[PDB]
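Encoded as structure tokens, the structure appears first; notes follow it.
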Amino acid sequence: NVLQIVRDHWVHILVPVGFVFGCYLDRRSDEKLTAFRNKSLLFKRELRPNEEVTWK
Amino acid sequence: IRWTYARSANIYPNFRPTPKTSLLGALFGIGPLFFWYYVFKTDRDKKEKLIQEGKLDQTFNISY
Amino acid sequence: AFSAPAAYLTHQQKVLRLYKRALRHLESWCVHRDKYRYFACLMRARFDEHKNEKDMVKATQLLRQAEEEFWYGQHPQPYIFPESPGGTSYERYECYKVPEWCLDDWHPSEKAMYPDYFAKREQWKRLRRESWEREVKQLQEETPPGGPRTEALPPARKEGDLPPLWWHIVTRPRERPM
Amino acid sequence: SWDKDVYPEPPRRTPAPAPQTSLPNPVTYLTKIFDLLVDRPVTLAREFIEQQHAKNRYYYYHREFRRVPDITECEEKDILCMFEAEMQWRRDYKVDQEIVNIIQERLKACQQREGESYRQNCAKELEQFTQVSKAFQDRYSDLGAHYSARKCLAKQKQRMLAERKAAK
Amino acid sequence: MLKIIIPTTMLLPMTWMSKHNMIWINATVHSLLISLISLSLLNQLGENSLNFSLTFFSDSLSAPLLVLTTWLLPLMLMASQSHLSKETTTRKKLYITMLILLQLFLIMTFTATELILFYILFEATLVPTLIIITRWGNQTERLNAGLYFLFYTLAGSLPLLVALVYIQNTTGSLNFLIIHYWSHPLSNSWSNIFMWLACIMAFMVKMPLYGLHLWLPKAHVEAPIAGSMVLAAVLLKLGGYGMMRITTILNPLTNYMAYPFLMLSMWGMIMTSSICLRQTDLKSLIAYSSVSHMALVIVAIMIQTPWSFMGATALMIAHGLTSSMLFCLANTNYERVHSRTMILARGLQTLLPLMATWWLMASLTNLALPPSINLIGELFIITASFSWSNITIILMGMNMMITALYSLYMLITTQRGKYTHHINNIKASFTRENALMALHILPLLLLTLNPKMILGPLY
Amino acid sequence: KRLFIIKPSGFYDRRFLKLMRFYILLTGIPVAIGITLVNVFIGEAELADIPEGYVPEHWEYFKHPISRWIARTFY
Amino acid sequence: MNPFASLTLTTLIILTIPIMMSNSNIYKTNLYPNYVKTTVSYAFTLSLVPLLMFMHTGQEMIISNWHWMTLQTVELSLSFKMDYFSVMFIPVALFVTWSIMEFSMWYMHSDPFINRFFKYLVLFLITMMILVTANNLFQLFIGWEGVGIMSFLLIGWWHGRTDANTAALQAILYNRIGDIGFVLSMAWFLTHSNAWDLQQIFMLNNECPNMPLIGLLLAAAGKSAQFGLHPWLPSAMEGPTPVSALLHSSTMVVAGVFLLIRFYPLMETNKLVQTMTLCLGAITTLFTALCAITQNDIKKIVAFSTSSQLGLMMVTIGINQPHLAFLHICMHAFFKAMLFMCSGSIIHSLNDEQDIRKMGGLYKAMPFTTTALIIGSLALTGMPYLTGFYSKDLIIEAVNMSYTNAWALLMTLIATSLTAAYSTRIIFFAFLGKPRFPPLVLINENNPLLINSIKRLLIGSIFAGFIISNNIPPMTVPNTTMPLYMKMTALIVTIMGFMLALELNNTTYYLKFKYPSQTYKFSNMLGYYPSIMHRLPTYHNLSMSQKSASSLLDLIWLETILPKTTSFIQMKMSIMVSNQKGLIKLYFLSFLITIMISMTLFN
Amino acid sequence: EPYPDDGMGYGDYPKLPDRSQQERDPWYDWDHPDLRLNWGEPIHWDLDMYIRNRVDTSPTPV
Amino acid sequence: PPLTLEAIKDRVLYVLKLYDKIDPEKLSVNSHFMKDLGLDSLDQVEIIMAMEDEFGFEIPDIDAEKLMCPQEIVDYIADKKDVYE
Amino acid sequence: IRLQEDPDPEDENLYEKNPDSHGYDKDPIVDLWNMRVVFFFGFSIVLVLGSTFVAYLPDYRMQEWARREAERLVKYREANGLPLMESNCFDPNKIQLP
């Protein structure tokens, strides 16, 4: 009866998918604002070995 | 129902600006406001005058 | 259980009420039983003195003056029976009184906790439901054309008929529900 | 593990027990019973838990913020430098609040500890809190809800101009 | 912020495409989950706000309000289930969509970084509220109440829009960060005085101010339960948030301009609580109580001191919860007896004890029994006012006394005395209603344990 | 001679309390047990000076273990 | 020292256990009140230990267990002040609560919600302990409001009685008026001394100004039912007698006196506040005793006695003798709670009869209650070497031997006379004489709970005064030498009051009727303070609310000003514009006028 | 007897005697016992003020 | 204190027998004070007061005046106290 | 004046049709599942779990960090004899007075 269950209760996937999409879009926005990733006068450090970004 | 309606709804339709209504409204509406303004303004001005004169004690008044 | 009041209090009734109030306030003042008995017999003699006044105007004026005397001489803190209005225990158990209709909203498990009583209650409900129509008819018939001029309600005229408007008086909550 | 210099405590002088009556002291036996019934099981439980913690010891570190140019040297409408200076000033505000808290804690402890001689034997802590309170009030009070490093600088300048006028 | 916004948007298609039976269930589940997601925002760096992106940011002020909104939506759904049962499926879905749109607009208001976006959405909140009041109200006065609410708010807001555009032209940006960092002081000029009035009056209308509060009693009495819940809990606090944000621009002129509004609020709290003493309608009593508490918040904001702001935030959250619960309690009795007159229903404690307990706790919070967050906020406001002027304590204490009096008077009249004999439709309280009251109460008592969450950024 | 005592229905409110308590405890008891286990065994970290040449992770600035876990996982 | 903190905190935390278990099944069962009583008894037994430690070495401590929140430079933390006052009052309060609950099991047996009653009792006890053991003003305020709310709930225990609801509302009203001054004190201390902890407040405020102390005075007057705020206490007798005996007789009412005592180091500095406390205490003593003299309800008489004793404590504070006031609180708890329990026994025996006029000849009918009440009255009147002697006699001796307002001292002596007088009244009217109760005699005190509960407080009234006075460290320089009449003044005045009261009560037997004197009316009507003060201000406030605030402003004038006038103007303009004429000739002329005007104005 | 038409807004409502509900005889069976009021009876404008739990005007001995 | 119907009757008759003006021998449950006995109105008031003092509950005057019979007093007391046996 | 249906009687109590109504709907199944959804996702999930999550939320407010910095500064300044709190928030030299 799985077809019946999914056919009439698929709406429960929209909102959790919405949360995942929100996380993805927020990470994309974070990508956009990477100008001063490590160029501050406070948290500016030399990249530790095997690191390319401080994710800031 | 009549009591509630008379206490709430019927008041304004059966109101007429009259010298008693107008005078009592003026008094009990704005007079207290001006009285408190006078009291608090005088108090605040006195405090500011004392502060400017350096004649007020706030030795440990560090949390405002 | 209170009787329907009358439009006015007859002069005799007013005199009786004043006598009762005066005796009670005297008892409040005369704490000890012997002194109370002495002054109560004195008061009874005082009433008997003008018991047979023929002039109604004179009797009315005497009533008025006696009421003034009562008000001056009333005890500041008269004795009140504990369950009487103004008494210490007046309406104490009122919150415990619960109307009968609350029963109909019981969950079936609770109603099964006491089956037999609820069978009896169903019998009473049937009785009331059957008697209502006849009660209404009787009230219409006995009511004067202008309308009920007194709060008094007629008794049951015929066998098999319950007193009109009997349900709440009969099923009023117990004085001490607990 | 608190530093004694940061949280001073006067040395403890506890009078020795000098009984003068034959009657047994109930407090002594009650304290021994409390020891045996409560303190020993509690000490054993803490011994066990400390052993478990020592089995897996890991360290957390206290962050260090390098000093940054103040609002005084930050240029106008220079939002980057103003931001750095403002956050630094906010951190300094928090640190000053904590210092005031430490002094107040000393004051309270000294009031309680001295007992009936609080008025005399806590005078030094009272003077310390007096100085700290005056400094904190002068630095931060009256800035308002929207306190900012610029407003504190403005307050400092107003104070210094008043001082020059007093110097005449 | 999209972690909250996008699921909230997706609530609409889910509600529209859900089966007729499952609309309430699905809405409640996912709104509660959205609130659980929103709980993450409470973690705020002390020095700086959480700047998620250019458009959206959060601070220790916005986060409690967002959490309140996200928590409030499922509560509104539970409350509004009962009286909307007879409605057709399309109408119920429309009601739910109005609620969801309101939550979305409120979230975007509290998180917006730009004052013009804040204004756009803060005025956008009117449309769902107006539709709710004027379409699902149960009295003929709903139309008049909606007109009053809409026109008061718009008359306040339009000058705010003009002033915000003028600020954009002068300073160059309406982003709150830039405004805070630059924030040049105002001068005491008639032009600046009127700019101050334009900025302040919209929020002073939203926060019911004495003389501008007439819309609130009509709206709250005439609205359905859910609409009353949002109006009491969040829509008033919209004004408080706006005033706290906007006070940065008007730094010096606030001292001169506060006295009219300060005195109006200080006297109006006493007046409104005295009105509460003599109200004949339970919803009206709660509305005037809200007016008094909001007047306290107005005083705290106008004083512009750290303790005042912390107390203002705490009072906003605590009052939102208390007023929402009180409206729910009144709505239950209204559904049972179909009248809002206080005297009609009496002695309900014997009939409904657990509801009586809920009423007791709600009133105790309303009268600010410690250590309730209500008392924390009120006490902080009182201490700030005392520093502002020692004479304020007289008015503040009088207001506290009258609040206690009217709260316990409502409790005594509704829940004590002999039961009204003729009323026979009182029935055992449903698990939904008790659940709603508990969902109101438990967060409020819990927030006392960790008060730093609702003490605002200045903490 | 027991006389009946009229009282409102109690099945619904008692059931409400039972369901509320059950659903609160359903996660509270696992939560309480987990909190106790973490505090007893994992314990709270010890304050140590930063070793020279080391840049600690952000979660390493927080004492309590659960606080560290939340900081590392969600922030 | 290490056991001290643990024991003291456990004493409070144990009391909470029945509250937590109230969710469990024990609440449903009949075992809940017995569990509550046993919990209180174990708490008392534990509280005895720190009391012994303090007696041995004065091991006072402060415990800041939990840090609630730090507000910038102010730290608020859950702190308990386990000093002499707390460490002594906790055992006394616990012992009294134990006896009261044991009595209540017998007195409240018929009540359906006995479990709710016992739970409310434990809630009040917890709140009072919070009040006593508080090192922050905020924690003390938590206890203050908790005690107030619990009194509100317990007084209106019978929700049916409108009178009970009125009494509860009145108590809330007066106590909130006191809380105004309390909030003033809290705000002043926060703004000036930057702390709510008693320790920092004491440290900084070397010479405390007047305003915070006057606020503390107001809060104390509210809680201790001082004059101007007194009527709530006599009205509180509307509640069940155990509630009266516990809270509104011996424990809750001493909250204000205890608050003043806690702030004694600040109280010493300011002379004016001491004078005001002295005058208020003297007024309370005199007025409440005079009211009690003519009261005919036993509960009212004992309640006015409580108020007079509270006034005596306030006087003692005014004479700047705080520790003596604390001692008097400790003794008053014992003997007054016992007196109220005896009153409750009399009431229950006589089927809910509280009027002394309907009670008579109970000396032999109720031997044990009679012995207990005689002992309690003797202790109350200052019989030597009883509990009252160690407190009240020292109080009077210190009052006489000190710089004092003359009228205050005179009123205190007269009040002691009147205390003897009303003790004579209750004993004479109730136990002595011939029976006046209704025919059916149901007297039966042979209940183990009642007997044992009264037994414990009897033993306390007899010996606790000596025991405590001997054990406590000396805290006041004694008034060693004094004139003989000065020493014996307390006994002389008490005996004079006894003699005059006995003669006047004997005169009642004489078969002579006289109409009431004006002074009798003044005393019986409680000084007319209830009659006018509960009517004129209430009427004026409620009428002002409805007539001005509800109507003349909100529904009339504000509406006329902003909404209605603007709506009317727009309506009139709409009527003008929509003239509904539409004649080409008419509006085309307007075009000509507009063209001409435009040419002129805009060139 | 309607209230005097002075613009207060009472209008048609009658000026019932200012008797507190305490004064009304308790013994009589009232439709609303706690309020001592019968159904259909005109309700005093300030009845809420003159409830038994609030401002009382009952005659005093003095 | 069950206060059964027979107990109420016995106590009412007891009070009436203790009343000097009423002769005990002719006193009966149906003996109307006004007609069968020689009592007047004031005697009715006094006996009502005596009954209300004996049973400790106050009889309202409107109900009090209409008793006129010892059995009426008994059944009225039963109604007030909810005595069904 | 109009042909309108009689006002519906007070909405039928959900107790009548299903005594264990729970409210939330007419059909008992949706009643039970609505109450289960409400109770679980509010009390069990949001209230309990979120209360723990807030309780153990990382101190990003830097309260402990502020205390540690205060301790270090107090120790150093007391050791070196420097005043505990300098009166000037910013160094006087960098400021250029008019």
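FYI, nothing fancy with the structure tokens labels: chains A, B, ... in order, residues from 1 per chain, ligands from 1 as they appear.
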
Might you pull out every residue within 6 Å of stretch 10-26 of chain A, with only C-alpha atoms counted and same-chain residues fewer than 2 positions away left off, and present them as a CSV table (one decimal) with N, CA and C atoms, in the first residue's frame?
chain,number,residue,atom,x,y,z
A,6,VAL,N,2.2,7.2,-0.2
A,6,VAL,CA,3.0,8.3,-0.8
A,6,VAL,C,2.1,9.2,-1.7
A,28,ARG,N,25.5,29.4,-0.3
A,28,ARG,CA,25.8,30.2,-1.5
A,28,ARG,C,26.0,31.6,-1.2
A,29,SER,N,25.1,32.2,-0.4
A,29,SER,CA,25.3,33.6,0.0
A,29,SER,C,26.6,33.8,0.7
E,2,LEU,N,17.4,32.1,5.5
E,2,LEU,CA,16.5,31.3,4.6
E,2,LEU,C,16.2,30.0,5.2
E,3,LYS,N,17.0,29.4,6.1
E,3,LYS,CA,16.7,28.2,6.8
E,3,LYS,C,15.3,28.3,7.5
E,6,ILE,N,12.4,29.9,4.0
E,6,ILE,CA,12.0,29.0,2.9
E,6,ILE,C,11.0,27.9,3.4
E,7,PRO,N,11.3,27.2,4.5
E,7,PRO,CA,10.2,26.3,4.9
E,7,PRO,C,8.9,26.9,5.3
E,10,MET,N,7.2,27.2,2.1
E,10,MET,CA,6.7,25.9,1.7
E,10,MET,C,5.5,25.5,2.5
E,14,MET,N,2.1,23.2,1.0
E,14,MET,CA,1.7,22.0,1.8
E,14,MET,C,0.3,22.1,2.3

Query raised in the report: Residues of chain I within 10 Å of chain C, using only C-alpha atoms, as a PyMOL selection string?
Result: chain I and resi 41-46+48-49+52-53+56-66+76+79-82

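Summary of the local environment: counting only C-alpha atoms, residues at most 10 Å from residue D:49, other than itself and those fewer than 2 positions away along its chain, are residues 43, 44, 45, 46, 47, 51, 52, 53, 54 and 55 of chain D; 39, 40, 41, 42 and 43 of chain F.
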
Report task. Please return, as an MDAnalysis selection string, all residues of chain J lying within 9 Å of chain F when only C-alpha atoms are considered. Result -> chainID J and resid 20:22 36 39:40 43:45 47:49 52:53 55:60 64:65

Can those selected residues be exported to a file as a compact mmCIF listing (two decimals), in the first residue's frame so that it contains N, CA, C and O atoms?
# COMPACT_ATOMS: atom_id res chain seq x y z
N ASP J 20 -14.40 10.06 23.92
CA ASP J 20 -12.98 10.38 24.00
C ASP J 20 -12.58 11.25 22.81
O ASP J 20 -11.82 10.86 21.93
N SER J 21 -13.15 12.45 22.81
CA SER J 21 -13.02 13.33 21.65
C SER J 21 -11.59 13.80 21.43
O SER J 21 -11.12 13.82 20.29
N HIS J 22 -10.91 14.21 22.50
CA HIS J 22 -9.62 14.91 22.40
C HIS J 22 -9.78 16.25 21.69
O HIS J 22 -8.84 17.04 21.64
N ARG J 36 -1.59 13.41 19.28
CA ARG J 36 -0.27 12.80 19.34
C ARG J 36 0.77 13.69 18.67
O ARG J 36 1.88 13.86 19.18
N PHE J 39 1.29 16.76 21.06
CA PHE J 39 2.03 16.42 22.26
C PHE J 39 3.47 16.07 21.94
O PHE J 39 4.40 16.64 22.52
N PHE J 40 3.70 15.19 20.96
CA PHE J 40 5.07 14.83 20.60
C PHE J 40 5.85 16.06 20.18
O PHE J 40 6.73 16.53 20.91
N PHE J 43 5.75 19.13 23.21
CA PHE J 43 6.33 18.86 24.51
C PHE J 43 7.59 18.01 24.38
O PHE J 43 8.65 18.38 24.89
N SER J 44 7.49 16.88 23.67
CA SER J 44 8.62 15.97 23.60
C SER J 44 9.77 16.57 22.82
O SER J 44 10.93 16.50 23.25
N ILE J 45 9.48 17.21 21.69
CA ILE J 45 10.55 17.67 20.82
C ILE J 45 10.93 19.09 21.20
O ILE J 45 11.99 19.31 21.79
N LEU J 47 9.83 21.58 23.39
CA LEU J 47 10.02 22.02 24.77
C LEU J 47 11.25 21.36 25.38
O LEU J 47 12.22 22.05 25.71
N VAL J 48 11.27 20.04 25.42
CA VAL J 48 12.35 19.33 26.10
C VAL J 48 13.67 19.52 25.37
O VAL J 48 14.64 20.06 25.92
N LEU J 49 13.73 19.07 24.11
CA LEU J 49 15.00 19.09 23.39
C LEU J 49 15.51 20.51 23.24
O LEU J 49 16.68 20.78 23.55
N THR J 52 16.99 21.89 26.36
CA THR J 52 18.36 21.42 26.56
C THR J 52 19.33 22.13 25.62
O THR J 52 20.44 22.50 26.02
N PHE J 53 18.93 22.32 24.37
CA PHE J 53 19.76 22.96 23.36
C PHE J 53 20.10 24.39 23.75
O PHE J 53 21.24 24.83 23.59
N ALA J 55 19.94 25.40 26.92
CA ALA J 55 20.66 25.29 28.17
C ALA J 55 22.15 25.06 27.93
O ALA J 55 23.00 25.64 28.62
N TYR J 56 22.48 24.22 26.95
CA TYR J 56 23.86 23.92 26.63
C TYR J 56 24.34 24.65 25.38
O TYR J 56 25.29 24.20 24.73
N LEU J 57 23.69 25.75 25.04
CA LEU J 57 24.13 26.56 23.91
C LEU J 57 25.54 27.08 24.18
O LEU J 57 25.81 27.55 25.30
N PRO J 58 26.45 27.02 23.22
CA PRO J 58 27.82 27.47 23.47
C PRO J 58 27.86 28.93 23.88
O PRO J 58 27.14 29.77 23.34
N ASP J 59 28.73 29.23 24.85
CA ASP J 59 28.89 30.60 25.33
C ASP J 59 29.69 31.38 24.29
O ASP J 59 30.87 31.69 24.45
N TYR J 60 29.01 31.68 23.18
CA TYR J 60 29.54 32.63 22.21
C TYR J 60 29.41 34.07 22.68
O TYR J 60 29.98 34.97 22.06
N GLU J 64 32.56 33.56 29.92
CA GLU J 64 33.73 32.93 30.53
C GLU J 64 35.02 33.55 30.00
O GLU J 64 35.98 33.75 30.75
N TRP J 65 35.06 33.86 28.70
CA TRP J 65 36.23 34.52 28.13
C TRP J 65 36.46 35.88 28.77
O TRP J 65 37.60 36.24 29.09

Query raised in the report: Near stretch 48-61 of chain B, counting only C-alpha atoms, which residues have an atom at most 6 Å away, once you skip same-chain residues fewer than 4 positions from it, shown as a PyMOL selection string?
Result: (chain D and resi 133) or (chain G and resi 191-193)

Chain B near chain H within 9 Å: what's each residue's closest atom pair and its distance in Å to one decimal, counting only C-alpha atoms, ordered by chain then ascending residue number, as CSV?
residue,atom,partner,partner_atom,distance
B:2,CA,H:43,CA,8.5
B:3,CA,H:43,CA,6.3
B:6,CA,H:10,CA,7.1
B:7,CA,H:45,CA,7.3
B:10,CA,H:9,CA,7.0
B:11,CA,H:9,CA,4.3
B:12,CA,H:9,CA,6.2
B:13,CA,H:9,CA,7.4
B:14,CA,H:9,CA,4.6
B:15,CA,H:9,CA,4.5
B:16,CA,H:7,CA,4.6
B:17,CA,H:7,CA,6.5
B:18,CA,H:7,CA,6.3
B:20,CA,H:6,CA,7.5
B:21,CA,H:7,CA,6.3

With the cut-off set at 12 Å and counting only C-alpha atoms, tabulate each residue of stretch 329-358 of chain E with an atom at most that distance from an atom of stretch 23-33 of chain H, showing the nearest atom pair and its distance in Å to one decimal, ordered by chain and increasing number, as JSON lines.
{"residue": "E:343", "atom": "CA", "partner": "H:32", "partner_atom": "CA", "distance": 10.5}
{"residue": "E:344", "atom": "CA", "partner": "H:32", "partner_atom": "CA", "distance": 10.0}
{"residue": "E:345", "atom": "CA", "partner": "H:32", "partner_atom": "CA", "distance": 11.2}
{"residue": "E:346", "atom": "CA", "partner": "H:32", "partner_atom": "CA", "distance": 10.2}
{"residue": "E:347", "atom": "CA", "partner": "H:32", "partner_atom": "CA", "distance": 11.9}

Could the residues in this selection be written to a file with N, CA, C and O atoms, as a compact mmCIF listing (two decimals), in the first residue's frame?
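Final file, out-v8.txt:
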# COMPACT_ATOMS: atom_id res chain seq x y z
N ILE E 343 -19.54 38.90 33.89
CA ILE E 343 -20.45 38.48 34.95
C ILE E 343 -21.25 37.24 34.55
O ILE E 343 -21.72 36.50 35.42
N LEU E 344 -21.41 36.99 33.25
CA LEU E 344 -22.32 35.93 32.81
C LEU E 344 -21.87 34.57 33.31
O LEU E 344 -22.68 33.78 33.82
N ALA E 345 -20.58 34.26 33.18
CA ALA E 345 -20.04 32.99 33.62
C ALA E 345 -19.32 33.19 34.95
O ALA E 345 -18.41 34.02 35.05
N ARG E 346 -19.73 32.44 35.97
CA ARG E 346 -19.16 32.57 37.30
C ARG E 346 -18.97 31.20 37.91
O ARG E 346 -19.64 30.23 37.55
N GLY E 347 -18.02 31.13 38.85
CA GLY E 347 -17.75 29.88 39.55
C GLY E 347 -17.29 28.76 38.66
O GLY E 347 -17.63 27.60 38.91

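Comparing E:196, E:419, E:181, E:24 by their smallest distance to chain J, the closest is E:24 (using only C-alpha atoms).
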
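Atom pair atom CA of residue D:114 / atom CA of residue D:100: separated by 21.3 Å.
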
Query raised in the report: Taking only C-alpha atoms into account, which residues of chain G are within 8 Å of chain D, as a list in words?
Result: residues 3, 49, 52, 53, 56, 61, 62, 72, 73, 74, 75, 197, 199, 200, 202, 203, 204 and 206 of chain G

Just N, CA and C atoms for this one: save the residues we selected as a tab-separated table (two decimals), in the first residue's frame.
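Produced file selection_7.tsv, reproduced below:
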chain	number	residue	atom	x	y	z
G	3	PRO	N	29.92	20.51	57.30
G	3	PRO	CA	28.53	20.03	57.40
G	3	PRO	C	27.50	21.15	57.44
G	49	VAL	N	20.45	20.74	63.98
G	49	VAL	CA	21.90	20.54	63.96
G	49	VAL	C	22.66	21.84	63.69
G	52	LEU	N	22.59	24.00	66.68
G	52	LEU	CA	23.57	23.60	67.69
G	52	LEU	C	24.97	24.05	67.31
G	53	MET	N	25.33	23.93	66.03
G	53	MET	CA	26.66	24.36	65.60
G	53	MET	C	26.85	25.85	65.85
G	56	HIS	N	27.35	26.54	69.44
G	56	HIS	CA	28.68	26.14	69.91
G	56	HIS	C	29.74	27.15	69.49
G	61	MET	N	27.31	31.56	57.85
G	61	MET	CA	27.79	31.36	56.49
G	61	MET	C	26.83	32.00	55.50
G	62	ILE	N	27.35	32.24	54.30
G	62	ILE	CA	26.56	32.66	53.15
G	62	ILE	C	26.88	31.71	52.00
G	72	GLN	N	25.70	43.39	33.52
G	72	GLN	CA	26.81	44.35	33.44
G	72	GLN	C	27.59	44.28	34.74
G	73	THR	N	27.62	45.32	35.56
G	73	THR	CA	28.40	45.32	36.79
G	73	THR	C	27.65	44.74	37.98
G	74	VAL	N	26.42	44.26	37.79
G	74	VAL	CA	25.62	43.69	38.86
G	74	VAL	C	25.49	42.20	38.62
G	75	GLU	N	25.86	41.40	39.62
G	75	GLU	CA	25.74	39.95	39.56
G	75	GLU	C	24.61	39.51	40.47
G	197	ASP	N	22.74	42.55	46.97
G	197	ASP	CA	23.20	41.71	48.06
G	197	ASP	C	23.27	42.52	49.36
G	199	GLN	N	25.21	42.16	51.77
G	199	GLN	CA	26.58	42.39	52.21
G	199	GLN	C	27.15	43.68	51.61
G	200	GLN	N	27.02	43.85	50.29
G	200	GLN	CA	27.52	45.08	49.68
G	200	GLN	C	26.71	46.29	50.11
G	202	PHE	N	25.30	46.76	52.97
G	202	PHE	CA	25.80	47.11	54.30
G	202	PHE	C	27.18	47.76	54.21
G	203	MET	N	28.04	47.27	53.32
G	203	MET	CA	29.41	47.77	53.26
G	203	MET	C	29.45	49.22	52.78
G	204	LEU	N	28.74	49.52	51.69
G	204	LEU	CA	28.84	50.86	51.12
G	204	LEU	C	28.07	51.89	51.93
G	206	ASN	N	27.44	53.45	54.69
G	206	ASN	CA	27.89	53.72	56.06
G	206	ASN	C	26.86	54.54	56.82

Requested in this report: Show which residues sit within 9 Å of residue E:348, as a ChimeraX atom specification. Count only C-alpha atoms, and ignore same-chain residues fewer than 5 positions away.
Outcome: /E:353,355-356,414-420,426

Would you put the residues from that selection into a file with N, CA and C atoms, as a PDB file, in the first residue's frame?
ATOM      1  N   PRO E 353     -11.624  22.724  36.865  1.00  0.00           N
ATOM      2  CA  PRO E 353     -10.515  23.058  37.773  1.00  0.00           C
ATOM      3  C   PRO E 353      -9.190  23.301  37.071  1.00  0.00           C
ATOM      4  N   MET E 355      -8.549  24.319  34.091  1.00  0.00           N
ATOM      5  CA  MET E 355      -8.628  25.639  33.484  1.00  0.00           C
ATOM      6  C   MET E 355      -8.498  26.732  34.533  1.00  0.00           C
ATOM      7  N   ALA E 356      -9.052  26.513  35.726  1.00  0.00           N
ATOM      8  CA  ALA E 356      -8.897  27.488  36.800  1.00  0.00           C
ATOM      9  C   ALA E 356      -7.435  27.638  37.191  1.00  0.00           C
ATOM     10  N   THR E 414     -14.454  35.568  37.277  1.00  0.00           N
ATOM     11  CA  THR E 414     -14.682  34.496  36.313  1.00  0.00           C
ATOM     12  C   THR E 414     -14.649  33.125  36.976  1.00  0.00           C
ATOM     13  N   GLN E 415     -13.700  32.901  37.876  1.00  0.00           N
ATOM     14  CA  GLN E 415     -13.416  31.563  38.372  1.00  0.00           C
ATOM     15  C   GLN E 415     -13.840  31.333  39.817  1.00  0.00           C
ATOM     16  N   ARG E 416     -14.507  32.284  40.459  1.00  0.00           N
ATOM     17  CA  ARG E 416     -14.905  32.101  41.847  1.00  0.00           C
ATOM     18  C   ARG E 416     -16.307  32.648  42.061  1.00  0.00           C
ATOM     19  N   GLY E 417     -16.927  32.199  43.144  1.00  0.00           N
ATOM     20  CA  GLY E 417     -18.325  32.470  43.404  1.00  0.00           C
ATOM     21  C   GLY E 417     -19.185  31.265  43.086  1.00  0.00           C
ATOM     22  N   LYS E 418     -20.494  31.464  43.197  1.00  0.00           N
ATOM     23  CA  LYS E 418     -21.424  30.400  42.854  1.00  0.00           C
ATOM     24  C   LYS E 418     -21.537  30.277  41.341  1.00  0.00           C
ATOM     25  N   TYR E 419     -21.630  29.040  40.866  1.00  0.00           N
ATOM     26  CA  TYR E 419     -21.805  28.801  39.441  1.00  0.00           C
ATOM     27  C   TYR E 419     -23.125  29.395  38.970  1.00  0.00           C
ATOM     28  N   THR E 420     -23.126  29.941  37.759  1.00  0.00           N
ATOM     29  CA  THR E 420     -24.373  30.414  37.174  1.00  0.00           C
ATOM     30  C   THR E 420     -25.286  29.225  36.912  1.00  0.00           C
ATOM     31  N   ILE E 426     -21.536  24.078  29.788  1.00  0.00           N
ATOM     32  CA  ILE E 426     -20.145  23.885  30.172  1.00  0.00           C
ATOM     33  C   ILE E 426     -19.820  22.400  30.159  1.00  0.00           C
TER      34      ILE E 426
END
